[PDB]
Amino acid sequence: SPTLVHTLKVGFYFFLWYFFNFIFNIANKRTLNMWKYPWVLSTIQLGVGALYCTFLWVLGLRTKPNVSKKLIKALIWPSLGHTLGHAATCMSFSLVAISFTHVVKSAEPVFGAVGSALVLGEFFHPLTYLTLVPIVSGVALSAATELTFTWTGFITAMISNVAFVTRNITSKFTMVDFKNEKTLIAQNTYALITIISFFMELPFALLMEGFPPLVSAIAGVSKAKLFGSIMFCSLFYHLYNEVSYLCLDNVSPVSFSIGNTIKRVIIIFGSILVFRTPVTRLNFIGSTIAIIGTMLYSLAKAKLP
């Protein structure tokens, strides 16, 4: 029984991750619909999370990390990957239906397995190449039938697969190396990442968008409602990422990506219902085949030498 309640405790982290992430995705897309500034919005989301984390430390509500030069050095690559994936995915969100962005990002486990096997010196059974056929075909069919398709929206989402996988792998290194450091709990690892990532993205966001005026592109929406929407999705952006690092603490980076693909089925189903996204038969079939393929790919990589 205790082993089962532990898995139920870990599974509950996954639920919270999915639950916060769905609330975030809906509110984030609604923010972008009336305030199309992906660079500044994504930077604000990191800043809100950075501020939230410092207050927890200041108030003594969260253990303060034993910060060292060795730890900051070991978090640069996790923060580089987080910043790039965050800015790329927000750009994708701003250009296409977010259901499509998540279809592209559903192939994350393949990038995760390749990067992890590269680092671990593992080899791939040839049958994993066979499972690439439905993955590549499914994404290609999904993109070719996606009504909101743009090349930049597709490529930024694909780039985020690479950035987040490096983040997850390098973050997993650090969490294992500092496993004895009782103060570096999972939330503190992500807390330091969102602080570093904020200053990493801030100069770029100011360069390409400056200071956008707080004006809704949807007529009739007050500035108070727009500001509230920015803060709301910024809060849940941080909460889902923070809880996800508890999940990352408990699984391998590849299992974390498999957990992300399961998350994305939920986000895709939820977002197309909330936004009444038009979906043709071929688009349904392409996206479903792509996601079946990445699961079969993970199944093949796991069950073969």
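Numbering starts at 1 and follows the sequence shown.
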query = Which is higher on average in the deposited entry, the C-alpha temperature factors of 108 to 116 or of 88 to 96?
reply = 108 to 116
note = Comparing 124 to 132 with 231 to 239, the higher average Cα temperature factor in the PDB entry belongs to 124 to 132
note = The residue of 66, 42, 280, 28 with the maximal C-alpha B-factor according to the PDB record is 66
ask   = Hey, out of 155, 143, 195, 206, whose CA B-factor is highest in the deposited coordinates?
value = 206
request  = Can you work out whether the C-alpha temperature factor of residue 169 puts it in the lowest, middle or highest third of the chain?
outcome  = middle
note = Entry-reported C-alpha B-factor of residue 289 relative to its chain, by third, is lowest
remark   = Split the chain's modelled residues into thirds by Cα B-factor; residue 252 lands in the middle
request  = Grab the CA temperature factor for residue 103 from the record and place it in the lowest, middle or highest third of its chain.
outcome  = lowest
task = Within this chain's modelled residues, let me know which third the CA B factor of residue 180 belongs to: lowest, middle or highest.
result = highest
